[PDB]
Amino acid sequence: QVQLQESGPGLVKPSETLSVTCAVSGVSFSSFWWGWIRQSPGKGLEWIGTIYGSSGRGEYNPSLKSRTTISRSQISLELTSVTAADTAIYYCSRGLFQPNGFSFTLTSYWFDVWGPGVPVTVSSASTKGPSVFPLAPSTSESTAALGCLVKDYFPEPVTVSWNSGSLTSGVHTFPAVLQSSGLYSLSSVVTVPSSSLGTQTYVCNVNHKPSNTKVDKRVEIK
Amino acid sequence: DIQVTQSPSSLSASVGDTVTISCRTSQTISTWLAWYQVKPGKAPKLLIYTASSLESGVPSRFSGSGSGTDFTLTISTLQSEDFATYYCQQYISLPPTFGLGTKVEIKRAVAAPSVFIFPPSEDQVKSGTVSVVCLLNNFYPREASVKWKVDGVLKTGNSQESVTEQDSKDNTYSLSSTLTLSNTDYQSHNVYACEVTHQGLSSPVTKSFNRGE
């Protein structure tokens, strides 16, 4: 039945206009109400607006009403004068509602189908490759930890592997955090037998495709 | 905005358990409440609408109840596929607003973290900005506290935490705490320590290094 798929540029500059579109398929577009909902990193779900497929008439969140435009085979969202706080996953959705009467009052919307969502990031940073620093320790304890600190890159993502992917057990690669600089940072760590540090070489392999950067870093006992 | 409040923020459970999650609103919403299930990176799915109507296709072990300001989601005989975050949402009036969610995670035995501290490499120091990393590896439950101490003194600020999702195999968490300092500040202190408190530890564990040794 219903299928939604949103699209739009993954990067928007502050003060500019954010534009996302939703492809509605499998249904009569005109018969239903369609709209947008977002969720910023570490924040709650936030309804932006929903409009009628036939008329284009709908309603907006009062906190967002000033800078929001939703129009309609597809629906589209334009959000003007964005800031870093507008960084979010943007979801297309169908909004259902019901009569609240015995009266002309309607409920607002609940959402019975959602699209996969499209990440949009708002930022002034330019593309930049990662720095890669070794995290090194020991043989008094049975297991050692070592790692790579991958930082000062933009935009996401980086990938990290160990020993060209031949080392996989016990690897933990943390989600990236946005620094105050506007650049991202994460660590990748692995645990290994301490008895191995003398004869085995450990190398982290870092890839940042947006900047075409590939780094190999030997991690050794300092 | 109608404020929507979920409780608890997270709960640990096991397959076979019956779990209940609370949703409360700041004013009456009659029965105009929806419940959603979200898994990482996936689109939310509608489970229940008008507080107690089961969405088509959703397993019968999900049931919603309540009205006015007090609502409940009950998952009977929890299954592996049900570990997720659950959101409630009111829609009596504009704007529709969402609770901040209840994460349902996998219960397992208590495990203390293994703690490691990593001094900044010489090329960090050369760069003029350094990051000290403290690693908490393979622990359960999620709750853990990291104190940074610099020459014995509590260092607040300039640190960020990052945590992994529950491991698919052993159901543990790992966590990093990263302390970022100008090299000038870094050089102005001698001993760096992260102090970790956790249910699995009878006493806090402290890992430290002396700068430049």
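Residues numbered from 1 in each chain as written, not as in the entry; some residues may be left out. Chains lettered and ligands numbered in written order. Heavy atoms only, no water.

Listed as the method for this PDB entry is X-ray crystallography; the listed resolution is 1.797 Å.

Chain B has the name ANTI-HIV ANTIBODY DH570.4 FAB LIGHT CHAIN in the PDB entry, where Macaca mulatta is given as its organism.

Going by the annotation in the PDB entry, the name recorded for chain A is ANTI-HIV ANTIBODY DH570.4 FAB HEAVY CHAIN, with Macaca mulatta given as the source organism.

**So, the state of the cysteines**
One way to say it: the disulfide is the covalent bond shared by the sulfur atoms of two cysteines. Residue and element names in this part refer to chain A. Where we set the bar: In plain terms, two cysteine sulfur atoms within 2.5 Å form what is called a disulfide here. The secondary structure listing takes helices from DSSP runs of H or I that are at least 4 residues long and strands from runs of E that are at least 2 residues long, numbered from the N terminus. Exposure is judged per residue with a 1.4 Å probe applied to protein chains only, and the accessible area is read against the type maximum: over 50% gives exposed, under 20% gives buried, and values in between give partly exposed.
On inspection of all chains with the given rule, the structure shows 4 disulfides over all chains. Two residues, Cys148 and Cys204, share a disulfide whose sulfurs are 2.0 Å apart. The sign of the S-S torsion, about -90°, decides the handedness of the disulfide formed by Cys148 and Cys204: left-handed. Here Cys148 is found in strand β13 (residues 143-153), whereas its partner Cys204 is found in strand β18 (residues 203-208), with 56 residues between them in sequence. Accessibility expressed as a relative area gives 0% for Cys204, which makes it buried. Listing the disulfide partners of chain B by sequence rank of the bonded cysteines yields 1-2, 3-4.

**Some points on the interface of chain A and chain B**
Stated precisely, the cut-off is as follows: For this analysis, residues touch if any pair of their heavy atoms sits within 4.5 Å. A quick way to say it: buried area is the sum, across both parts, of accessible area lost when two parts are put together, with a 1.4 Å probe. What counts as a salt bridge is simple: a side-chain nitrogen of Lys or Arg found within 4 Å of a carboxyl oxygen of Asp or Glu. The term polar contact refers here to a pair of N or O atoms within 3.5 Å; inside protein, the definition further demands a hydrogen-donor-capable atom paired with an acceptor-capable atom, and it admits residues adjacent in sequence only when both atoms are side-chain atoms.
In this assembly, 45 residues from chain A lie in contact with 42 residues from chain B. Between chain A and chain B, the buried area comes to about 3400 Å², and carbon and sulfur atoms account for 66% of it. Where chain A packs against chain B, one counts 0 salt bridges. Our count for the chain A to chain B interface comes out at 9 residue pairs in polar contact. Elements that contribute at least two residues to the side of chain A that touches chain B include exactly β4 (33-39), β5 (45-52), β6 (58-60), β10 (110-114), β12 (131-135), β13, β15 (171-173) and β17 (184-193) of chain A. At 6 residues, β13 of chain A tops the list of elements feeding residues into the side of chain A that touches chain B.

**Some thoughts on the domain arrangement of chain A**
All names here are of chain A. This is how the line gets drawn: Segment limits for the domains were obtained from an automatic or database-derived domain assignment.
Domains assigned within chain A are domain 1 (1-124) and domain 2 (125-220). Facing 4 residues of domain 1, the contacting portion of domain 2 comprises 4 residues. Of the roughly 280 Å² buried at the junction of domain 1 and domain 2 (both faces included), carbon and sulfur atoms supply 50%. Taken as a group, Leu11, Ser123 and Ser124 account for 81% of the area that domain 1 buries against domain 2, more than any other trio of residues on that side. Between the two partners, domain 1 and domain 2, sit 0 salt bridges.

**Focus on the sheet that holds strand β14 (residues 159-162) of chain A**
Hydrogen bonds between backbone atoms are what pair the strands of a sheet, whose relative direction is either parallel or antiparallel. Residues and elements named next belong to chain A. Spelled out, the test is: We treat two strands as partners when DSSP finds at least two bridges between them. Each axis is a line fitted through C-alpha atoms, taken for helices only over the stretch in contact, and angles between the N-to-C directions span 0 to 180 degrees.
Strand order in this open sheet of 3 strands is β14-β18-β19, and the pairing throughout is antiparallel. The sheet is open, and its two edges are formed by β14 and β19 (213-218), each paired on a single side. Averaged over all pairs of adjacent strands, the angle between their axes in this sheet comes to 15°, without regard to strand direction.

**Section: the environment of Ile92 of chain B**
Along the polypeptide, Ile92 of chain B turns up in the loop between β9 (84-90) and β10 (97-98). Spatially, the C-alpha atoms of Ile92 of chain B and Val4 of chain B are 12 Å apart, while their sequence positions differ by 88 residues. Ignoring sequence-local partners within four residues, the contact set of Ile92 of chain B consists of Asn100, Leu106, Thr107 and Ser108 of chain A together with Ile2, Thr28, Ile29, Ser30 and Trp32 of chain B.

**Brief notes about the environment of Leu135 of chain A**
Secondary-structure assignment places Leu135 of chain A in strand β12. Separated by 12 residues in the primary sequence, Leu135 of chain A and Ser123 of chain A place their C-alpha atoms 29 Å from one another. What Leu135 of chain A contacts, discounting residues up to four positions off in sequence, is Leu146, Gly147, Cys148, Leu149, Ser187, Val189 and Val219 of chain A together with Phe118 and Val133 of chain B.

**A few points about the pairing of strand β18 (residues 191-197) of chain B**
Strand residues, when the strand is regular, have side chains that alternate between the two faces of the sheet. Residues and elements named next belong to chain B. Burial analysis of β18 places 5 of its 7 residues in the buried class, the great majority of the element. Sheet topology places strand β14 (residues 145-150) next to β18; 6 bridges connect them, and they run antiparallel. The partner of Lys147 across the bridge, within β18, is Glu195.

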